$ cat target.pdb   # PDB, C-alpha atoms and all ligand atoms
ATOM      1  CA  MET A   5     -37.984 -62.273  13.386  1.00  0.00           C
ATOM      2  CA  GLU A   6     -40.976 -59.969  13.106  1.00  0.00           C
ATOM      3  CA  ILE A   7     -40.685 -57.316  15.802  1.00  0.00           C
ATOM      4  CA  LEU A   8     -43.602 -55.137  14.764  1.00  0.00           C
ATOM      5  CA  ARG A   9     -46.880 -55.634  12.923  1.00  0.00           C
ATOM      6  CA  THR A  10     -50.118 -53.702  12.585  1.00  0.00           C
ATOM      7  CA  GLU A  11     -53.383 -55.490  11.896  1.00  0.00           C
ATOM      8  CA  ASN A  12     -55.800 -53.337   9.863  1.00  0.00           C
ATOM      9  CA  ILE A  13     -55.069 -50.011  11.440  1.00  0.00           C
ATOM     10  CA  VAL A  14     -57.791 -47.399  10.956  1.00  0.00           C
ATOM     11  CA  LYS A  15     -57.755 -43.699  11.814  1.00  0.00           C
ATOM     12  CA  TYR A  16     -60.379 -41.027  11.193  1.00  0.00           C
ATOM     13  CA  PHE A  17     -60.093 -37.278  11.279  1.00  0.00           C
ATOM     14  CA  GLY A  18     -63.695 -36.240  11.501  1.00  0.00           C
ATOM     15  CA  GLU A  19     -65.234 -38.121   8.596  1.00  0.00           C
ATOM     16  CA  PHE A  20     -62.047 -38.219   6.459  1.00  0.00           C
ATOM     17  CA  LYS A  21     -60.321 -41.607   6.471  1.00  0.00           C
ATOM     18  CA  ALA A  22     -56.542 -40.885   6.835  1.00  0.00           C
ATOM     19  CA  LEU A  23     -55.596 -44.513   7.200  1.00  0.00           C
ATOM     20  CA  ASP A  24     -57.504 -47.501   5.734  1.00  0.00           C
ATOM     21  CA  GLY A  25     -56.867 -50.940   7.243  1.00  0.00           C
ATOM     22  CA  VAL A  26     -53.105 -50.721   7.061  1.00  0.00           C
ATOM     23  CA  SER A  27     -51.228 -53.830   8.062  1.00  0.00           C
ATOM     24  CA  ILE A  28     -47.426 -54.016   7.988  1.00  0.00           C
ATOM     25  CA  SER A  29     -44.767 -56.300   9.372  1.00  0.00           C
ATOM     26  CA  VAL A  30     -41.228 -55.213  10.237  1.00  0.00           C
ATOM     27  CA  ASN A  31     -38.451 -57.633  11.093  1.00  0.00           C
ATOM     28  CA  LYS A  32     -36.068 -57.091  13.912  1.00  0.00           C
ATOM     29  CA  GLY A  33     -32.980 -55.176  12.859  1.00  0.00           C
ATOM     30  CA  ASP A  34     -34.570 -54.055   9.627  1.00  0.00           C
ATOM     31  CA  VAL A  35     -34.508 -50.607   8.152  1.00  0.00           C
ATOM     32  CA  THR A  36     -37.982 -50.214   6.847  1.00  0.00           C
ATOM     33  CA  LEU A  37     -38.947 -47.196   4.788  1.00  0.00           C
ATOM     34  CA  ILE A  38     -42.429 -46.054   3.802  1.00  0.00           C
ATOM     35  CA  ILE A  39     -43.086 -43.609   0.987  1.00  0.00           C
ATOM     36  CA  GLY A  40     -45.921 -41.996  -0.893  1.00  0.00           C
ATOM     37  CA  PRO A  41     -47.157 -38.594  -2.080  1.00  0.00           C
ATOM     38  CA  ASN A  42     -48.182 -36.059   0.577  1.00  0.00           C
ATOM     39  CA  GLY A  43     -51.619 -36.908   1.939  1.00  0.00           C
ATOM     40  CA  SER A  44     -51.180 -40.699   2.007  1.00  0.00           C
ATOM     41  CA  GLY A  45     -51.266 -41.044   5.804  1.00  0.00           C
ATOM     42  CA  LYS A  46     -47.604 -42.051   6.242  1.00  0.00           C
ATOM     43  CA  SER A  47     -47.188 -39.694   9.186  1.00  0.00           C
ATOM     44  CA  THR A  48     -50.550 -40.523  10.721  1.00  0.00           C
ATOM     45  CA  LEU A  49     -49.575 -44.137  10.522  1.00  0.00           C
ATOM     46  CA  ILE A  50     -46.240 -43.445  12.276  1.00  0.00           C
ATOM     47  CA  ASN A  51     -47.976 -41.328  14.902  1.00  0.00           C
ATOM     48  CA  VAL A  52     -50.462 -44.083  15.614  1.00  0.00           C
ATOM     49  CA  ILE A  53     -47.681 -46.606  16.073  1.00  0.00           C
ATOM     50  CA  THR A  54     -45.640 -44.343  18.369  1.00  0.00           C
ATOM     51  CA  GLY A  55     -48.714 -43.592  20.429  1.00  0.00           C
ATOM     52  CA  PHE A  56     -49.173 -39.961  19.544  1.00  0.00           C
ATOM     53  CA  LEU A  57     -52.396 -40.930  17.784  1.00  0.00           C
ATOM     54  CA  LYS A  58     -55.144 -43.268  18.766  1.00  0.00           C
ATOM     55  CA  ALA A  59     -56.007 -46.115  16.379  1.00  0.00           C
ATOM     56  CA  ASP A  60     -59.764 -45.937  15.729  1.00  0.00           C
ATOM     57  CA  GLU A  61     -59.735 -49.572  14.567  1.00  0.00           C
ATOM     58  CA  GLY A  62     -57.105 -52.259  14.243  1.00  0.00           C
ATOM     59  CA  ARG A  63     -54.120 -53.192  16.335  1.00  0.00           C
ATOM     60  CA  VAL A  64     -50.358 -52.782  16.784  1.00  0.00           C
ATOM     61  CA  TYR A  65     -48.094 -55.586  18.017  1.00  0.00           C
ATOM     62  CA  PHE A  66     -44.579 -55.228  19.348  1.00  0.00           C
ATOM     63  CA  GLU A  67     -42.733 -58.525  19.713  1.00  0.00           C
ATOM     64  CA  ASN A  68     -46.155 -60.089  19.511  1.00  0.00           C
ATOM     65  CA  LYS A  69     -47.510 -58.056  22.420  1.00  0.00           C
ATOM     66  CA  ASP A  70     -50.631 -56.016  21.907  1.00  0.00           C
ATOM     67  CA  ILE A  71     -49.589 -52.478  22.498  1.00  0.00           C
ATOM     68  CA  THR A  72     -52.461 -50.774  20.726  1.00  0.00           C
ATOM     69  CA  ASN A  73     -53.195 -47.270  22.013  1.00  0.00           C
ATOM     70  CA  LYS A  74     -50.645 -47.239  24.803  1.00  0.00           C
ATOM     71  CA  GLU A  75     -49.278 -43.807  25.709  1.00  0.00           C
ATOM     72  CA  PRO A  76     -45.689 -43.135  24.541  1.00  0.00           C
ATOM     73  CA  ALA A  77     -44.602 -43.107  28.195  1.00  0.00           C
ATOM     74  CA  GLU A  78     -45.783 -46.694  28.309  1.00  0.00           C
ATOM     75  CA  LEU A  79     -44.418 -47.740  24.907  1.00  0.00           C
ATOM     76  CA  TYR A  80     -41.048 -46.546  26.305  1.00  0.00           C
ATOM     77  CA  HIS A  81     -41.052 -49.656  28.534  1.00  0.00           C
ATOM     78  CA  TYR A  82     -41.481 -51.715  25.392  1.00  0.00           C
ATOM     79  CA  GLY A  83     -38.441 -50.242  23.589  1.00  0.00           C
ATOM     80  CA  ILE A  84     -40.220 -48.022  21.077  1.00  0.00           C
ATOM     81  CA  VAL A  85     -39.247 -44.449  20.480  1.00  0.00           C
ATOM     82  CA  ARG A  86     -39.830 -41.815  17.920  1.00  0.00           C
ATOM     83  CA  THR A  87     -37.365 -39.110  17.008  1.00  0.00           C
ATOM     84  CA  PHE A  88     -38.720 -35.572  17.537  1.00  0.00           C
ATOM     85  CA  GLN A  89     -38.071 -32.495  15.449  1.00  0.00           C
ATOM     86  CA  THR A  90     -36.490 -29.847  17.645  1.00  0.00           C
ATOM     87  CA  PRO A  91     -38.716 -26.898  18.710  1.00  0.00           C
ATOM     88  CA  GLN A  92     -37.358 -23.341  19.079  1.00  0.00           C
ATOM     89  CA  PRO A  93     -37.297 -23.370  22.891  1.00  0.00           C
ATOM     90  CA  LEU A  94     -34.955 -26.332  22.726  1.00  0.00           C
ATOM     91  CA  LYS A  95     -32.804 -24.576  20.154  1.00  0.00           C
ATOM     92  CA  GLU A  96     -31.733 -22.144  22.846  1.00  0.00           C
ATOM     93  CA  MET A  97     -30.383 -25.127  24.764  1.00  0.00           C
ATOM     94  CA  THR A  98     -27.141 -27.039  24.415  1.00  0.00           C
ATOM     95  CA  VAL A  99     -26.683 -30.295  22.561  1.00  0.00           C
ATOM     96  CA  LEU A 100     -26.197 -32.049  25.898  1.00  0.00           C
ATOM     97  CA  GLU A 101     -29.468 -30.636  27.294  1.00  0.00           C
ATOM     98  CA  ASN A 102     -31.213 -31.770  24.143  1.00  0.00           C
ATOM     99  CA  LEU A 103     -30.234 -35.344  24.883  1.00  0.00           C
ATOM    100  CA  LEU A 104     -31.054 -34.756  28.558  1.00  0.00           C
ATOM    101  CA  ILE A 105     -34.646 -33.760  28.054  1.00  0.00           C
ATOM    102  CA  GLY A 106     -35.190 -37.338  26.854  1.00  0.00           C
ATOM    103  CA  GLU A 107     -34.869 -38.351  30.533  1.00  0.00           C
ATOM    104  CA  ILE A 108     -37.648 -36.327  32.088  1.00  0.00           C
ATOM    105  CA  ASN A 109     -40.637 -38.253  30.738  1.00  0.00           C
ATOM    106  CA  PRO A 110     -38.974 -41.029  28.697  1.00  0.00           C
ATOM    107  CA  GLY A 111     -40.801 -41.581  25.398  1.00  0.00           C
ATOM    108  CA  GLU A 112     -42.808 -38.401  25.493  1.00  0.00           C
ATOM    109  CA  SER A 113     -42.035 -35.540  23.084  1.00  0.00           C
ATOM    110  CA  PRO A 114     -39.697 -32.624  23.990  1.00  0.00           C
ATOM    111  CA  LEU A 115     -42.487 -30.167  24.851  1.00  0.00           C
ATOM    112  CA  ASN A 116     -44.701 -32.710  26.679  1.00  0.00           C
ATOM    113  CA  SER A 117     -41.455 -33.547  28.508  1.00  0.00           C
ATOM    114  CA  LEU A 118     -40.459 -29.834  28.957  1.00  0.00           C
ATOM    115  CA  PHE A 119     -43.678 -29.362  30.987  1.00  0.00           C
ATOM    116  CA  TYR A 120     -41.024 -29.803  33.737  1.00  0.00           C
ATOM    117  CA  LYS A 121     -39.403 -26.511  32.516  1.00  0.00           C
ATOM    118  CA  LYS A 122     -35.779 -25.567  33.261  1.00  0.00           C
ATOM    119  CA  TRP A 123     -35.738 -28.698  35.233  1.00  0.00           C
ATOM    120  CA  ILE A 124     -33.531 -30.334  32.631  1.00  0.00           C
ATOM    121  CA  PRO A 125     -31.960 -32.826  35.050  1.00  0.00           C
ATOM    122  CA  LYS A 126     -28.168 -32.735  34.919  1.00  0.00           C
ATOM    123  CA  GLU A 127     -27.717 -35.857  37.007  1.00  0.00           C
ATOM    124  CA  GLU A 128     -24.295 -37.511  36.706  1.00  0.00           C
ATOM    125  CA  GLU A 129     -25.831 -40.832  35.689  1.00  0.00           C
ATOM    126  CA  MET A 130     -27.905 -39.486  32.778  1.00  0.00           C
ATOM    127  CA  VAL A 131     -25.175 -37.107  31.660  1.00  0.00           C
ATOM    128  CA  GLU A 132     -22.655 -39.949  31.474  1.00  0.00           C
ATOM    129  CA  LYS A 133     -25.137 -41.734  29.210  1.00  0.00           C
ATOM    130  CA  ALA A 134     -25.639 -38.535  27.138  1.00  0.00           C
ATOM    131  CA  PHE A 135     -21.878 -38.315  26.632  1.00  0.00           C
ATOM    132  CA  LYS A 136     -21.597 -41.995  25.814  1.00  0.00           C
ATOM    133  CA  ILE A 137     -24.163 -41.338  23.071  1.00  0.00           C
ATOM    134  CA  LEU A 138     -22.610 -38.055  21.912  1.00  0.00           C
ATOM    135  CA  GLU A 139     -19.503 -40.188  21.778  1.00  0.00           C
ATOM    136  CA  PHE A 140     -21.016 -42.908  19.613  1.00  0.00           C
ATOM    137  CA  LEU A 141     -22.458 -40.209  17.374  1.00  0.00           C
ATOM    138  CA  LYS A 142     -19.032 -38.504  17.331  1.00  0.00           C
ATOM    139  CA  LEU A 143     -20.528 -35.230  18.596  1.00  0.00           C
ATOM    140  CA  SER A 144     -19.014 -34.754  22.066  1.00  0.00           C
ATOM    141  CA  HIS A 145     -17.145 -31.700  20.781  1.00  0.00           C
ATOM    142  CA  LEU A 146     -20.442 -29.933  20.368  1.00  0.00           C
ATOM    143  CA  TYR A 147     -21.839 -30.909  23.732  1.00  0.00           C
ATOM    144  CA  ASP A 148     -21.682 -27.342  24.984  1.00  0.00           C
ATOM    145  CA  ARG A 149     -23.000 -25.816  21.760  1.00  0.00           C
ATOM    146  CA  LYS A 150     -26.428 -24.210  21.511  1.00  0.00           C
ATOM    147  CA  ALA A 151     -28.480 -26.565  19.288  1.00  0.00           C
ATOM    148  CA  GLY A 152     -29.922 -23.735  17.236  1.00  0.00           C
ATOM    149  CA  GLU A 153     -26.386 -23.027  16.044  1.00  0.00           C
ATOM    150  CA  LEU A 154     -26.022 -26.454  14.455  1.00  0.00           C
ATOM    151  CA  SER A 155     -26.519 -27.396  10.807  1.00  0.00           C
ATOM    152  CA  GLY A 156     -29.671 -29.233   9.801  1.00  0.00           C
ATOM    153  CA  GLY A 157     -27.884 -32.567   9.572  1.00  0.00           C
ATOM    154  CA  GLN A 158     -26.177 -31.958  12.873  1.00  0.00           C
ATOM    155  CA  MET A 159     -29.521 -31.190  14.500  1.00  0.00           C
ATOM    156  CA  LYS A 160     -30.990 -34.364  13.001  1.00  0.00           C
ATOM    157  CA  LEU A 161     -28.189 -36.374  14.491  1.00  0.00           C
ATOM    158  CA  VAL A 162     -28.820 -34.848  17.894  1.00  0.00           C
ATOM    159  CA  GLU A 163     -32.469 -35.886  17.708  1.00  0.00           C
ATOM    160  CA  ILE A 164     -31.365 -39.434  17.050  1.00  0.00           C
ATOM    161  CA  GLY A 165     -29.169 -39.071  20.120  1.00  0.00           C
ATOM    162  CA  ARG A 166     -32.116 -37.871  22.188  1.00  0.00           C
ATOM    163  CA  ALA A 167     -33.969 -41.093  21.192  1.00  0.00           C
ATOM    164  CA  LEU A 168     -31.045 -43.353  22.074  1.00  0.00           C
ATOM    165  CA  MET A 169     -31.328 -41.964  25.590  1.00  0.00           C
ATOM    166  CA  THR A 170     -34.171 -44.442  25.991  1.00  0.00           C
ATOM    167  CA  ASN A 171     -32.126 -47.505  24.931  1.00  0.00           C
ATOM    168  CA  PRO A 172     -34.746 -48.232  22.288  1.00  0.00           C
ATOM    169  CA  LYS A 173     -35.077 -51.528  20.368  1.00  0.00           C
ATOM    170  CA  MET A 174     -36.880 -49.677  17.626  1.00  0.00           C
ATOM    171  CA  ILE A 175     -36.595 -46.118  16.382  1.00  0.00           C
ATOM    172  CA  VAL A 176     -39.316 -44.580  14.304  1.00  0.00           C
ATOM    173  CA  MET A 177     -38.229 -41.505  12.316  1.00  0.00           C
ATOM    174  CA  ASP A 178     -40.319 -39.201  10.185  1.00  0.00           C
ATOM    175  CA  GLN A 179     -37.991 -37.854   7.533  1.00  0.00           C
ATOM    176  CA  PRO A 180     -34.549 -38.053   9.162  1.00  0.00           C
ATOM    177  CA  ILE A 181     -32.675 -36.387   6.264  1.00  0.00           C
ATOM    178  CA  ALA A 182     -34.993 -33.921   4.524  1.00  0.00           C
ATOM    179  CA  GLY A 183     -33.055 -30.672   4.005  1.00  0.00           C
ATOM    180  CA  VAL A 184     -29.737 -32.259   4.926  1.00  0.00           C
ATOM    181  CA  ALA A 185     -26.833 -31.941   2.462  1.00  0.00           C
ATOM    182  CA  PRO A 186     -25.964 -35.329   0.768  1.00  0.00           C
ATOM    183  CA  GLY A 187     -22.661 -35.847   2.595  1.00  0.00           C
ATOM    184  CA  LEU A 188     -24.169 -35.325   6.035  1.00  0.00           C
ATOM    185  CA  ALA A 189     -27.239 -37.340   4.921  1.00  0.00           C
ATOM    186  CA  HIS A 190     -25.311 -40.511   4.076  1.00  0.00           C
ATOM    187  CA  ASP A 191     -23.458 -39.955   7.317  1.00  0.00           C
ATOM    188  CA  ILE A 192     -26.662 -39.952   9.299  1.00  0.00           C
ATOM    189  CA  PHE A 193     -27.828 -43.148   7.620  1.00  0.00           C
ATOM    190  CA  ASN A 194     -24.365 -44.494   8.106  1.00  0.00           C
ATOM    191  CA  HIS A 195     -24.921 -44.213  11.838  1.00  0.00           C
ATOM    192  CA  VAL A 196     -28.268 -46.002  11.324  1.00  0.00           C
ATOM    193  CA  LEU A 197     -26.492 -49.025   9.834  1.00  0.00           C
ATOM    194  CA  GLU A 198     -24.052 -48.738  12.712  1.00  0.00           C
ATOM    195  CA  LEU A 199     -27.124 -49.054  14.945  1.00  0.00           C
ATOM    196  CA  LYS A 200     -28.806 -51.694  12.831  1.00  0.00           C
ATOM    197  CA  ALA A 201     -25.581 -53.505  13.612  1.00  0.00           C
ATOM    198  CA  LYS A 202     -26.277 -53.421  17.346  1.00  0.00           C
ATOM    199  CA  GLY A 203     -29.753 -54.814  16.752  1.00  0.00           C
ATOM    200  CA  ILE A 204     -31.850 -51.661  16.478  1.00  0.00           C
ATOM    201  CA  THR A 205     -34.893 -51.723  14.195  1.00  0.00           C
ATOM    202  CA  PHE A 206     -35.925 -48.753  12.088  1.00  0.00           C
ATOM    203  CA  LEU A 207     -39.151 -47.495  10.645  1.00  0.00           C
ATOM    204  CA  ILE A 208     -38.593 -44.436   8.488  1.00  0.00           C
ATOM    205  CA  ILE A 209     -40.538 -42.011   6.338  1.00  0.00           C
ATOM    206  CA  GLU A 210     -38.591 -40.168   3.686  1.00  0.00           C
ATOM    207  CA  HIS A 211     -38.879 -38.452   0.251  1.00  0.00           C
ATOM    208  CA  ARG A 212     -35.315 -38.072  -1.110  1.00  0.00           C
ATOM    209  CA  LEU A 213     -34.892 -41.554  -2.615  1.00  0.00           C
ATOM    210  CA  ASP A 214     -31.623 -40.630  -4.334  1.00  0.00           C
ATOM    211  CA  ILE A 215     -29.771 -41.202  -1.038  1.00  0.00           C
ATOM    212  CA  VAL A 216     -31.886 -43.346   1.166  1.00  0.00           C
ATOM    213  CA  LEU A 217     -32.540 -46.317  -1.178  1.00  0.00           C
ATOM    214  CA  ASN A 218     -29.128 -47.842  -0.625  1.00  0.00           C
ATOM    215  CA  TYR A 219     -29.828 -48.116   3.116  1.00  0.00           C
ATOM    216  CA  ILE A 220     -33.303 -49.634   3.385  1.00  0.00           C
ATOM    217  CA  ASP A 221     -34.038 -53.363   3.314  1.00  0.00           C
ATOM    218  CA  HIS A 222     -37.872 -53.182   3.350  1.00  0.00           C
ATOM    219  CA  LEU A 223     -39.996 -50.697   1.390  1.00  0.00           C
ATOM    220  CA  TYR A 224     -43.753 -49.915   1.550  1.00  0.00           C
ATOM    221  CA  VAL A 225     -45.587 -47.410  -0.584  1.00  0.00           C
ATOM    222  CA  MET A 226     -48.772 -45.716   0.633  1.00  0.00           C
ATOM    223  CA  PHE A 227     -51.603 -43.927  -1.113  1.00  0.00           C
ATOM    224  CA  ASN A 228     -54.865 -42.628   0.308  1.00  0.00           C
ATOM    225  CA  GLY A 229     -54.258 -44.350   3.637  1.00  0.00           C
ATOM    226  CA  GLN A 230     -53.476 -47.846   2.448  1.00  0.00           C
ATOM    227  CA  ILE A 231     -50.471 -49.910   1.553  1.00  0.00           C
ATOM    228  CA  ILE A 232     -50.430 -49.952  -2.239  1.00  0.00           C
ATOM    229  CA  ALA A 233     -47.003 -51.649  -2.642  1.00  0.00           C
ATOM    230  CA  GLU A 234     -44.361 -53.617  -0.756  1.00  0.00           C
ATOM    231  CA  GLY A 235     -40.909 -54.889  -1.704  1.00  0.00           C
ATOM    232  CA  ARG A 236     -38.424 -56.624   0.532  1.00  0.00           C
ATOM    233  CA  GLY A 237     -34.904 -56.483  -0.785  1.00  0.00           C
ATOM    234  CA  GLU A 238     -32.954 -54.624  -3.472  1.00  0.00           C
ATOM    235  CA  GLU A 239     -34.395 -56.471  -6.452  1.00  0.00           C
ATOM    236  CA  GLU A 240     -38.095 -56.263  -5.409  1.00  0.00           C
ATOM    237  CA  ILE A 241     -37.507 -52.600  -4.564  1.00  0.00           C
ATOM    238  CA  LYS A 242     -36.111 -51.768  -8.010  1.00  0.00           C
ATOM    239  CA  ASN A 243     -39.311 -53.390  -9.367  1.00  0.00           C
ATOM    240  CA  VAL A 244     -41.552 -51.531  -6.967  1.00  0.00           C
ATOM    241  CA  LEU A 245     -39.941 -48.251  -8.072  1.00  0.00           C
ATOM    242  CA  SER A 246     -40.256 -49.311 -11.753  1.00  0.00           C
ATOM    243  CA  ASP A 247     -43.969 -50.125 -11.459  1.00  0.00           C
ATOM    244  CA  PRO A 248     -46.006 -47.467 -13.373  1.00  0.00           C
ATOM    245  CA  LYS A 249     -48.774 -47.310 -10.784  1.00  0.00           C
ATOM    246  CA  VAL A 250     -46.223 -45.865  -8.333  1.00  0.00           C
ATOM    247  CA  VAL A 251     -44.894 -43.212 -10.711  1.00  0.00           C
ATOM    248  CA  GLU A 252     -48.456 -42.227 -11.527  1.00  0.00           C
ATOM    249  CA  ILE A 253     -49.488 -41.386  -7.990  1.00  0.00           C
ATOM    250  CA  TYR A 254     -46.822 -38.669  -8.305  1.00  0.00           C
ATOM    251  CA  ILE A 255     -48.214 -37.271 -11.581  1.00  0.00           C
ATOM    252  CA  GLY A 256     -51.682 -35.995 -12.362  1.00  0.00           C
ATOM    253  CA  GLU A 257     -53.181 -33.454  -9.918  1.00  0.00           C
TER     254      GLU A 257
HETATM  255 CL    CL B 301     -56.038 -39.369  18.840  1.00  0.00          CL
HETATM  256 CL    CL B 302     -34.954 -31.813   0.634  1.00  0.00          CL
END

$ encode --input "target.pdb" --output "structure tokens"
Amino acid sequence: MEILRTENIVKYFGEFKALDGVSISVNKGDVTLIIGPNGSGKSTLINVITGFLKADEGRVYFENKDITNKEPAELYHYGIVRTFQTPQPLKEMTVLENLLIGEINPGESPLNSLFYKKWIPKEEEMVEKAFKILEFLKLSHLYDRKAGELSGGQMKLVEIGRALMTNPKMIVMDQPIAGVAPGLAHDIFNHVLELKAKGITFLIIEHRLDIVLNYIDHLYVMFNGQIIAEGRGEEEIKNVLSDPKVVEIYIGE
């Protein structure tokens, strides 16, 4: 049931301690969200897990396999992928190409994958997969469209599509719907549930709780680098959100 766990993960940035012995467990097929005020190490944590950051101490286990500090190219073979915010160079490219760059160095980010330049492979095999995904996402009609011309929610959906290009078992997303209009937002998360349905596990960071909350089935709250609250399920979550210590981290300067 548990697909991912971290055992006392530590990360340092100089002398500052961004993370502080963070341990978390995530069950297969779950949609796990982590929240906390800016500066709590949510991102750093996510980056460590996805392999874009090195864990100074502690470990990460995927399906009970020690994967600590493996490069994203390697984690790709394990079924882990992170969604990447789209850079400007990619915005000049079509929606199809944006899914296609996920093929060059599977698991690696768009720019560490675009080291290959205009060599965005347009090989029949990959493209068919890109379309199959654009299809599932109900975006094939925008396959030829320059990504920079899409709405924020549209762009977010494309990024999810770029990740699916790696047939992941788990998708890690840092703020999938920030700046996305409510209707498109629920739609994005709708597709997540659609994916949860096929057995895909999610680890998400978000700040707009007024939308997201109805979709997550595992919450974690973080402050100063450590897990300061957990709550599995609707009821526990309502409690977690009620708890005054949580509200307080958001008030007082
Ligand atoms: Cl590092
Ligand atoms: Cl927002």

$ resolve_selection --input "target.pdb" --expression "the PyMOL selection byres (((chain A and resi 131-144) around 8) and not hetatm)" --output "list in words"
residues 100, 103, 104, 126, 127, 128, 129, 130, 145, 146, 147, 161, 165, 168, 169 and 195 of chain A

$ residues_near_point --input "target.pdb" --point "(-33.1, -37.5, 7.0)" --cutoff "10 Å" --atoms "all atoms listed in the file" --output "ChimeraX atom specification"
/A:156-157,160-161,177-186,188-193,208-212,215-216

$ closest_residue --input "target.pdb" --among "A:245, A:207, A:124, A:85" --to "residue 9 of chain A" --atoms "all atoms listed in the file"
A:207

$ resolve_selection --input "target.pdb" --expression "the PyMOL selection byres (((chain A and resi 108) around 12) and not hetatm)" --output "VMD selection string"
chain A and resid 77 101 to 107 109 to 127 130 166 169 to 170

$ write_last_selection --input "target.pdb" --atoms "C-alpha atoms" --output "JSON list (two decimals), in the coordinates of the input"
[["chain", "number", "residue", "atom", "x", "y", "z"],
["A", 77, "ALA", "CA", -44.60, -43.11, 28.20],
["A", 101, "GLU", "CA", -29.47, -30.64, 27.29],
["A", 102, "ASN", "CA", -31.21, -31.77, 24.14],
["A", 103, "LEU", "CA", -30.23, -35.34, 24.88],
["A", 104, "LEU", "CA", -31.05, -34.76, 28.56],
["A", 105, "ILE", "CA", -34.65, -33.76, 28.05],
["A", 106, "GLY", "CA", -35.19, -37.34, 26.85],
["A", 107, "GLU", "CA", -34.87, -38.35, 30.53],
["A", 109, "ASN", "CA", -40.64, -38.25, 30.74],
["A", 110, "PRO", "CA", -38.97, -41.03, 28.70],
["A", 111, "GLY", "CA", -40.80, -41.58, 25.40],
["A", 112, "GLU", "CA", -42.81, -38.40, 25.49],
["A", 113, "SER", "CA", -42.04, -35.54, 23.08],
["A", 114, "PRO", "CA", -39.70, -32.62, 23.99],
["A", 115, "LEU", "CA", -42.49, -30.17, 24.85],
["A", 116, "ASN", "CA", -44.70, -32.71, 26.68],
["A", 117, "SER", "CA", -41.46, -33.55, 28.51],
["A", 118, "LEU", "CA", -40.46, -29.83, 28.96],
["A", 119, "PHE", "CA", -43.68, -29.36, 30.99],
["A", 120, "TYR", "CA", -41.02, -29.80, 33.74],
["A", 121, "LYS", "CA", -39.40, -26.51, 32.52],
["A", 122, "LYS", "CA", -35.78, -25.57, 33.26],
["A", 123, "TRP", "CA", -35.74, -28.70, 35.23],
["A", 124, "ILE", "CA", -33.53, -30.33, 32.63],
["A", 125, "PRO", "CA", -31.96, -32.83, 35.05],
["A", 126, "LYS", "CA", -28.17, -32.74, 34.92],
["A", 127, "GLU", "CA", -27.72, -35.86, 37.01],
["A", 130, "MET", "CA", -27.90, -39.49, 32.78],
["A", 166, "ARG", "CA", -32.12, -37.87, 22.19],
["A", 169, "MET", "CA", -31.33, -41.96, 25.59],
["A", 170, "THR", "CA", -34.17, -44.44, 25.99]]

$ atom_distance --input "target.pdb" --atom1 "atom CA of residue 35 of chain A" --atom2 "atom CA of residue 240 of chain A"
15.1 Å

$ residues_near_point --input "target.pdb" --point "(-54.9, -42.8, 5.7)" --cutoff "10 Å" --atoms "only C-alpha atoms" --output "list in words"
residues 13, 14, 15, 16, 17, 20, 21, 22, 23, 24, 25, 26, 43, 44, 45, 46, 47, 48, 49, 226, 227, 228, 229, 230 and 231 of chain A

$ residues_near_ligand --input "target.pdb" --ligand "ligand CL 301 (chain B)" --cutoff "12 Å" --atoms "all atoms listed in the file" --output "list in words"
residues 14, 15, 16, 17, 18, 48, 49, 51, 52, 53, 54, 55, 56, 57, 58, 59, 60, 61, 73, 74 and 75 of chain A

$ write_last_selection --input "target.pdb" --atoms "C-alpha atoms" --output "short mmCIF file (atom, residue, chain, number, x, y, z; two decimals), keeping the file's coordinate frame"
data_model
loop_
_atom_site.label_atom_id
_atom_site.label_comp_id
_atom_site.auth_asym_id
_atom_site.auth_seq_id
_atom_site.Cartn_x
_atom_site.Cartn_y
_atom_site.Cartn_z
CA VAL A 14 -57.79 -47.40 10.96
CA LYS A 15 -57.76 -43.70 11.81
CA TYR A 16 -60.38 -41.03 11.19
CA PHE A 17 -60.09 -37.28 11.28
CA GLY A 18 -63.70 -36.24 11.50
CA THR A 48 -50.55 -40.52 10.72
CA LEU A 49 -49.58 -44.14 10.52
CA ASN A 51 -47.98 -41.33 14.90
CA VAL A 52 -50.46 -44.08 15.61
CA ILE A 53 -47.68 -46.61 16.07
CA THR A 54 -45.64 -44.34 18.37
CA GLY A 55 -48.71 -43.59 20.43
CA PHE A 56 -49.17 -39.96 19.54
CA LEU A 57 -52.40 -40.93 17.78
CA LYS A 58 -55.14 -43.27 18.77
CA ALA A 59 -56.01 -46.12 16.38
CA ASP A 60 -59.76 -45.94 15.73
CA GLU A 61 -59.74 -49.57 14.57
CA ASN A 73 -53.20 -47.27 22.01
CA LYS A 74 -50.64 -47.24 24.80
CA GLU A 75 -49.28 -43.81 25.71
#

$ closest_residue --input "target.pdb" --among "A:76, A:248, A:152, A:172" --to "residue 206 of chain A" --atoms "all atoms listed in the file"
A:172

$ atom_distance --input "target.pdb" --atom1 "atom CA of residue 72 of chain A" --atom2 "atom CA of residue 31 of chain A"
18.3 Å

$ atom_distance --input "target.pdb" --atom1 "atom CA of residue 28 of chain A" --atom2 "atom CA of residue 11 of chain A"
7.3 Å
